[PDB]
Amino acid sequence: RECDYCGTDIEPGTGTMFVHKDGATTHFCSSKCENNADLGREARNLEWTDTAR
Amino acid sequence: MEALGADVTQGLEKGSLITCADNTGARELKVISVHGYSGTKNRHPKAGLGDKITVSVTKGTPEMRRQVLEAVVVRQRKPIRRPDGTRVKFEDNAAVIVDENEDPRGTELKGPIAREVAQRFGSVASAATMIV
Amino acid sequence: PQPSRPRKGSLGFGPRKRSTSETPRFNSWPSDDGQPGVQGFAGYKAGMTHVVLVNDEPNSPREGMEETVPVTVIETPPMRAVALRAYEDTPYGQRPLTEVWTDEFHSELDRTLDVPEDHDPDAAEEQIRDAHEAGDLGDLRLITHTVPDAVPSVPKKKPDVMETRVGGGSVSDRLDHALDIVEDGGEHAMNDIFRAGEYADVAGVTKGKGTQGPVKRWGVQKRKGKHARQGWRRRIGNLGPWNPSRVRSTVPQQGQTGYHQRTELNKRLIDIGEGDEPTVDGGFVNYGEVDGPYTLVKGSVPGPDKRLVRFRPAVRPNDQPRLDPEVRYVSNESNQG
RNA sequence: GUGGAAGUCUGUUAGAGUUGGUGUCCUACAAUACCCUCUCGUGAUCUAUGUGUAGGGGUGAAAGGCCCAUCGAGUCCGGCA
RNA sequence: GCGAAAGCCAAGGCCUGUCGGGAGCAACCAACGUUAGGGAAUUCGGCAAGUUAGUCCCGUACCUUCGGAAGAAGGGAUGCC
RNA sequence: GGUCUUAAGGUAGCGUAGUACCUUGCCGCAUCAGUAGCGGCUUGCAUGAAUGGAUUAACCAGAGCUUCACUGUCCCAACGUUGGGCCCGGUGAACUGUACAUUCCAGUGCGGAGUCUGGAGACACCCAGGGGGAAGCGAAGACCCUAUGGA
RNA sequence: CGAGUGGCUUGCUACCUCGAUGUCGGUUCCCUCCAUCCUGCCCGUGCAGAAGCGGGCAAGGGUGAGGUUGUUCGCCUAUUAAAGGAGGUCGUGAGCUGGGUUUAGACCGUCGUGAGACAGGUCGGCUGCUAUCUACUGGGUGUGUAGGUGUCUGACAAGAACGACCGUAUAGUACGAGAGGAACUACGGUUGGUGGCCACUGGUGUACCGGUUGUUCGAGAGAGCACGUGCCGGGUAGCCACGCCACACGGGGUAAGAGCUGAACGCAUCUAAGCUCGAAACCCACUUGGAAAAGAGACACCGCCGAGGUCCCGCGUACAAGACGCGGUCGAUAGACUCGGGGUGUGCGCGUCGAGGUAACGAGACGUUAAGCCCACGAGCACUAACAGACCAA
Ligand SMILES: [Cl-]
Ligand SMILES: [Cl-]
Ligand SMILES: [K+]
Ligand SMILES: [Mg+2]
Ligand SMILES: [Mg+2]
Ligand SMILES: [Mg+2]
Ligand SMILES: [Mg+2]
Ligand SMILES: [Mg+2]
Ligand SMILES: [Mg+2]
Ligand SMILES: [Mg+2]
Ligand SMILES: [Mg+2]
Ligand SMILES: [Mg+2]
Ligand SMILES: [Mg+2]
Ligand SMILES: [Mg+2]
Ligand SMILES: [Mg+2]
Ligand SMILES: [Mg+2]
Ligand SMILES: [Mg+2]
Ligand SMILES: [Mg+2]
Ligand SMILES: [Mg+2]
Ligand SMILES: [Mg+2]
Ligand SMILES: [Mg+2]
Ligand SMILES: [Mg+2]
Ligand SMILES: [Mg+2]
Ligand SMILES: [Mg+2]
Ligand SMILES: [Mg+2]
Ligand SMILES: [Mg+2]
Ligand SMILES: [Mg+2]
Ligand SMILES: [Mg+2]
Ligand SMILES: [Mg+2]
Ligand SMILES: [Mg+2]
Ligand SMILES: [Mg+2]
Ligand SMILES: [Mg+2]
Ligand SMILES: [Mg+2]
Ligand code: NA
Ligand code: NA
Ligand code: NA
Ligand code: NA
Ligand code: NA
Ligand code: NA
Ligand code: NA
Ligand code: NA
Ligand code: NA
Ligand code: NA
Ligand code: NA
Ligand code: NA
Ligand code: NA
Ligand code: NA
Ligand code: NA
Ligand code: NA
Ligand code: NA
Ligand code: NA
Ligand code: NA
Ligand code: NA
Ligand code: NA
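About the cut-offs
- Residues numbered from 1 in each chain as written, not as in the entry; some residues may be left out.
- Chains lettered and ligands numbered in written order.
- Part of a larger assembly, values for the part shown.
- Heavy atoms only, no water.
- UniProt positions renumbered as here; feature names shortened; annotations may be inferred.
- Helix = DSSP H or I, 4+ residues; strand = E, 2+ residues; numbered from the N terminus.
- Buried < 20%, exposed > 50% of the residue type's maximum accessible area, 1.4 Å probe, protein only.
- Contact = heavy atoms within 4.5 Å.
- Areas by Shrake-Rupley, 256 points an atom, 1.4 Å probe, with all protein chains shown as cover.
- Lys, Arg positive; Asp, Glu negative; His and termini not counted.
- Charge placed at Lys NZ, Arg CZ, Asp CG, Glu CD.
- Rg over C-alpha atoms; globule rule 2.2 N^0.38 Å.
- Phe/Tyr/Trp six-rings, centres within 6.5 Å; stacked < 30°, edge-to-face > 60°.
- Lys NZ or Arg CZ within 6 Å of the ring centre and 35° of its normal.
- Buried area = accessible area lost by both parts, 1.4 Å probe.
- Salt bridge = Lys/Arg side-chain N within 4 Å of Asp/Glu carboxyl O.
- Polar contact = N/O pair within 3.5 Å; in protein donor to acceptor, adjacent residues only side chain to side chain.
- Near = heavy atom within 4 Å.
- Nonpolar A, V, L, I, M, F, W, Y, C, P; charged D, E, K, R; others polar.
- Arc of directions from axis to C-beta.
- Pairing = 2+ DSSP bridges.

What the entry reports as its method is X-ray crystallography, with 2.9 Å given for the resolution.

UniProt, in its Function section for chain C, records the words "One of the primary rRNA binding proteins, it binds directly near the 3'-end of the 23S rRNA, where it nucleates assembly of the 50S subunit." Annotation of chain C in UniProt includes, under Sequence similarities, the sentence "Belongs to the universal ribosomal protein uL3 family."

Recorded in UniProt under Function, the annotation for chain B is "Forms part of two intersubunit bridges in the 70S ribosome (By similarity). Binds to 23S rRNA."

Now the structure itself:
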């Protein structure tokens, strides 16, 4: 699997899946991502993110 | 009951205000008890995903208000652990009013529902729109 | 009315004092069923990572499916039965009769024992056989020790010595089985005793924590509400009633917590391999790198990294063995982050 | 719009007061203290100095409050062994 | 900055709110920070703690001695160049 | 009852009252559940007119209650910060002390014993702890009675 | 109607304390009783089944959460297998709380000429002490057994280390007109308790990195202060729980009970002798402690002029002193350095762009730059420091 946020591979037997109001699903590899997301930041704008890379 | 097929960390307590995920006319529900649960001195009775709880209607249609019904926990904010290790949490806490046979008192379930709930409450599950 | 409530903490693991031997000592041994064999082995705790497995349970509705399971890695390099100890049955229980040793000794076994220079193996053997002839021969166990040197991550070189029982078919047959192991050089390994899939009992001396309060030590509550601001936060209400006018030993009080021996029951042996397949990226925090004979134990094991832990075929298993479970993945991801 | 009244409002301005924490202390720093909290803060205001009222007497927006750690009758010495 | 406010800093004063050395410095206590999910279930009682917050714009109920209630409530804005 | 004591015999109001014994009075609101709170009823043990009655905007570190918000008050505790605490140098008290004293379980005794009786247990010393007991220390009991006491 | 037992209530008594044994309720923490609420094994039934009702053995475990009231009690809700009762100075203030009781202030009603009174109501109204002895939790030093190392034994001691529930198959079966509706057994899960652990999730993380407000160091760069982090964002290790792992079965003997054989009493009889079964209770099993078990233990080796140990040095898998454990050049114990693995989030400078502005000037954007900075972990590495050496010992 891949982190629906930064884009790096999510080490199996790890991570969190958030379930949105509408029913959308967002797997996260770590709290770091989760938290950056809650800030309202987008993975694209974060240079450390595989996505942005 | 039947194994949920997932480990749960109750995210609710006696007295907690949750969401009524259905079209019964009940908006807000207040937990009053947890079926088959006995606690321990000083501990508040705790509820979570897949628990049949006793509830009382806080908000909704005048006719539905103040009514003491039975319901099921379809979603919670606190994480739960699936067999593959991953955790799963939702956007809010929600329950769907149920009857004696465990059949949704309503017609339609608003919002998603954990899959694990299926393995316990068929008729509730078979009424779901989205099943994560 | 005062609602009821169980007492805080068990009165079964006491007194809660510091352990006498960092090296654990079983007080129980498996039953003499199968063929003759050594009833135990040891290793040195290294750390934790998860493994993905195929649901091996025939009764699981998920049998055959993927499944993540926590595993504590333990380095279990070969050990050496340096001598066979014999016990005799007497009106006062069992007593050590004699011992048959060897000549081939690990280069550093003398960092612990006053290694033998002149021993009569046969005479001992004879004495034993005469006791068995007379029928006063009590069970048989091998003095064993480890080779810390063999484990780089573990500083100690001084080997840890512990006696392990040998249960076998007949006494005569296993007595022999014993002697043979010894005579060689005593060298044996985890493969010789355990098979991946079986259940074992893991003993160990827990992680020491020094002196701690009752709250932590016995799990009593902290003062609640207004009481928590009066000058007492983590001390119990009282040491006892007016009468009897003495403090009972059953009341939770401060003291040594941790560094206690514990024999944790029914631990499933996920896999017994060798190499660096289990090691983590960056190295096992406060331990090192693993690259040699190792055992993967399901869940947790008592003790901190580097501590000696002892194995033994579960004496009271609940499930039937389910040999060699399919390991589909072992995480090597770094334990830092 | 001007004007700028008020036993007026906010306010740790200064200053005065002392509600809760029943915290800290409780052989104290202190024979009434420390901290946070809280009240008043242009007025029947607060304050220094001087000065008047003396013991069944003063003084008292009254609590039997206060009159030099002393008050339902100060303190000292005497009556008094 | 509204400010004799905070906070930072001069001038001037001080290191005398006058015993020190050492242990990642344990339990316990005093002050205190942060705690997931729930959110007063605690308790005689929300005690303690917390929330709110400055300024401008909009907007503001019952009641009223028409003075007030009122900063009611609620909504928005707020930096730098 | 359809007058009598003793002059009159409770009017306007208010009322289960900070006044109501019966009492958690009854009905309602509110809550899952409310000896609470509020409203109505009210025969008021034993309300009521300057012994002021009713009522009331504004004000209140005054008493009770509800809601939103908030939160370690709680579920149920964790980790951390600073000063102590612990070890070392220096300084250096007080409380308290009939004697003896390693106690524990019972018994007995002026009926609430480390010291009596019977048993049990118990090698000596030391460090740290939270305070079960010494009916622990502190104060010739404020309660109660007594005194041909005081004020 | 009659006989009793208990010592929770109340009453009676006035033995004990008035040179004070701190009065309610609550809370916290510990032990106990059984007249048993649930759970185990049973008997009867107005026992079809299911659900009950009554009774027996039995105290192992459990017996919970909330609304009014200071309340105890109790009233009420919803859960529950059940939400039992009582003793411990109505256990527990050198533990807490202080709502109530119970001082001094005040109001109301009643009573009184009045001062003032009322177990009538109401608002407010203080909680002292540095532990000598004893007791217990943990920690050390000595002596005894009578040189050392290592391994054991096990008298005894502790445990609830486990208690309980739901679900599935059995089965829509037995039973029953039907409605309704079991079990033995095998499985899966929950809960409460217990012990441990930290890969995973989560918390902390005043290590660290960034953002940014005020001010001061002339600006810049880089910094200090704003309580012992100014605030905000992220967060490694470790410690944790809200996270994760583990916690039987089965034997033996019994109770109530069901029976066998069996006599007194030719018959009968579960009992009198004998025997077979049979409780969550008892014993074992299992976990923990345990040579100071005065019968003060056993074995193997090493040693008595030398085995071993202490001090010393580098450190911790240990730790309040003390103790414990590891390493000490025949070396990776600690540090430096370099890698690896990690945390932040893209450094200074310079170049280009930049709303504009004559110009000065210019917030900011992009590039260089997964950069800069940083690490309580691992590896490599004897470079530095584990040197020198002291002592005790049959
Ligand atoms: Cl409940
Ligand atoms: Cl408490
Ligand atoms: K008395
Ligand atoms: Mg991760
Ligand atoms: Mg409680
Ligand atoms: Mg206090
Ligand atoms: Mg990690
Ligand atoms: Mg004014
Ligand atoms: Mg003011
Ligand atoms: Mg004057
Ligand atoms: Mg008076
Ligand atoms: Mg929280
Ligand atoms: Mg409450
Ligand atoms: Mg309560
Ligand atoms: Mg407050
Ligand atoms: Mg009323
Ligand atoms: Mg009149
Ligand atoms: Mg005696
Ligand atoms: Mg007296
Ligand atoms: Mg008096
Ligand atoms: Mg008089
Ligand atoms: Mg006393
Ligand atoms: Mg009985
Ligand atoms: Mg018991
Ligand atoms: Mg009492
Ligand atoms: Mg009690
Ligand atoms: Mg006291
Ligand atoms: Mg006491
Ligand atoms: Mg004290
Ligand atoms: Mg009071
Ligand atoms: Mg009161
Ligand atoms: Mg009062
Ligand atoms: Mg600072
Ligand atoms: Na205090
Ligand atoms: Na305090
Ligand atoms: Na007492
Ligand atoms: Na005008
Ligand atoms: Na004050
Ligand atoms: Na006088
Ligand atoms: Na005189
Ligand atoms: Na009157
Ligand atoms: Na005032
Ligand atoms: Na806090
Ligand atoms: Na004591
Ligand atoms: Na009696
Ligand atoms: Na006395
Ligand atoms: Na009490
Ligand atoms: Na019981
Ligand atoms: Na109650
Ligand atoms: Na008492
Ligand atoms: Na007190
Ligand atoms: Na009390
Ligand atoms: Na049995
Ligand atoms: Na001995």
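**Q** How should the overall build of chain C be read in this particular structure?
**A** A tally of regular secondary structure across chain C gives four helices and 16 strands. For the C-alpha atoms alone, the extent of chain C along its principal axes is close to 75 × 55 × 45 Å. A burial count over chain C gives 44% of its 337 residues as buried. Expressed as a percentage of contacts within chain C between residues at least 6 apart in sequence, the contacts between residues at least 24 apart total 78%. Here chain C displays about 18300 Å² of accessible surface, and carbon together with sulfur accounts for 44% of that area. Computed over 46 positive and 52 negative side-chain charges, the inter-centroid distance for chain C is 22 Å.

**Q** Would you mind showing me how to read the overall build of chain B here?
**A** Along the backbone of chain B there are one helix and ten strands. Order of helices (α) and strands (β) in chain B, N terminus to C terminus: β-β-β-β-β-β-β-β-β-β-α. Here chain B has a C-alpha radius of gyration of 14 Å; the compact-globule value for 132 residues is 14 Å, and the two agree. The 132 residues of chain B split such that 44% are buried. Across chain B, contacts joining residues at least 24 apart in sequence account for 52% of those joining residues at least 6 apart. Roughly 6600 Å² of accessible area belongs to chain B as shown, and the carbon and sulfur atoms make up 42% of that amount.

**Q** It is not clear to me how the packing of aromatic side chains should be interpreted in this structure. Could you clarify?
**A** All chains considered together, the criterion is met by three aromatic pairs over all chains. Relative to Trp29(C), the ring of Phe26(C) lies with its centre 5.6 Å away and its plane at 55 degrees, an arrangement referred to as tilted. For the pair shown, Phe26(C) and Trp29(C) are each scored as buried. Directly above the ring of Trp48(A) sits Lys32(A), whose terminal nitrogen or CZ lies 3.7 Å from the centroid.

**Q** Got a minute to help me understand the interface of chain B and chain A in this structure?
**A** How large an interface is tends to be reported as the accessible area lost when its parts come together. Facing 14 residues of chain B, the contacting portion of chain A comprises 13 residues. Buried surface at the junction of chain B and chain A, both sides included, amounts to about 990 Å², of which 63% is carbon and sulfur. Of the charged contacts, one joins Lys89(B) and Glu34(A) as a salt bridge, the two residues approaching to 3.1 Å between their closest N and O atoms. For the pair chain B and chain A, the number of links is six residue pairs in polar contact. The biggest single contributor to the side of chain B that touches chain A is strand 9 (residues 87–90) of chain B, with four residues.

**Q** Mind showing me how you'd approach the protein's contact with RNA strand G here?
**A** Residues and elements named next belong to chain C. Looking at RNA strand G, there are 163 residues lining it, with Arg5, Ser28, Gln94, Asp114 and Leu265 nearest. Sugar plus phosphate, as a fraction of atoms of RNA strand G within 4 Å of the protein: 78%. With respect to RNA strand G, the side chain of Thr211 contributes an N or O atom lying 3.0 Å from a phosphate oxygen. Contact between RNA strand G and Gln261: a phosphate oxygen at 2.6 Å from a side-chain N or O atom of the residue. Ranked by residue count, the leading element in the surface near RNA strand G is strand 6 (residues 93–101), at eight residues.

**Q** Hey, could you run me through the protein's contact with RNA strand E in this one?
**A** The environment of RNA strand E is made up of 19 residues, and the closest members are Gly11(B), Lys78(B), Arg229(C), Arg233(C) and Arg234(C). Contact between RNA strand E and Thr211(C): a sugar or linking oxygen at 2.7 Å from a main-chain N or O atom of the residue. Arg233(C) places a main-chain nitrogen or oxygen 2.6 Å from a phosphate oxygen of RNA strand E. Its residues assigned to classes, the surface near RNA strand E shows two nonpolar, nine polar and eight charged.

**Q** Hey, could you run me through helix 1 (residues 31–38) of chain A in this one?
**A** Each turn of an α-helix holds 3.6 residues, which means side chains three or four residues apart point in the same direction. Residues and elements named next belong to chain A. When helix 1 is considered as a whole, its buried residues turn out to be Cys33, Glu34 and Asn36. The arc enclosing the buried residues of helix 1, seen along the axis, measures out at 165 degrees, which places them on a common side. Just downstream of helix 1, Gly40 is the residue with a positive phi angle, here 100 degrees.

**Q** How should I be thinking about the interface of chain C and chain B in this particular structure?
**A** Every contact between the two is made by seven residues of chain C and, on the other side, five residues of chain B. Counting the surface lost from both chain C and chain B, the interface buries some 540 Å², and carbon and sulfur atoms represent 49% of this. Remark: the boundary between chain C and chain B carries zero salt bridges. Counting the contacts that link chain C with chain B gives three residue pairs in polar contact. Looking at side-chain class alone, the side of chain C that touches chain B contains one nonpolar, three polar and three charged residues.

**Q** How do you make sense of the environment of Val215(C) when you look at a structure like this?
**A** Residues and elements named next belong to chain C. Within the secondary structure layout, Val215 lies in helix 4 (residues 214–218). Taking the C-alpha atoms as reference, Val215 lies 41 Å from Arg195; in sequence the two are 20 residues apart. In this structure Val215 touches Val220, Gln221, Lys222 and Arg234, once residues within four positions along its chain are discounted.

**Q** So what exactly am I meant to see when it comes to the pairing of strand 14 (residues 292–298) of chain C here?
**A** When a strand is regular, its side chains alternate between the sheet's two faces. Residue and element names in this part refer to chain C. In terms of burial, strand 14 is largely enclosed, as five of its seven residues are buried. Where strand 3 (residues 68–75) meets strand 14, five bridges bridge the pair, whose relative direction is antiparallel. If you follow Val71 over to strand 14, its bridge partner there is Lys298. Where strand 13 (residues 261–275) lies against strand 14, six bridges are found, and the strand directions are antiparallel. The residue of strand 14 that forms the bridge with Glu274 is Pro293.

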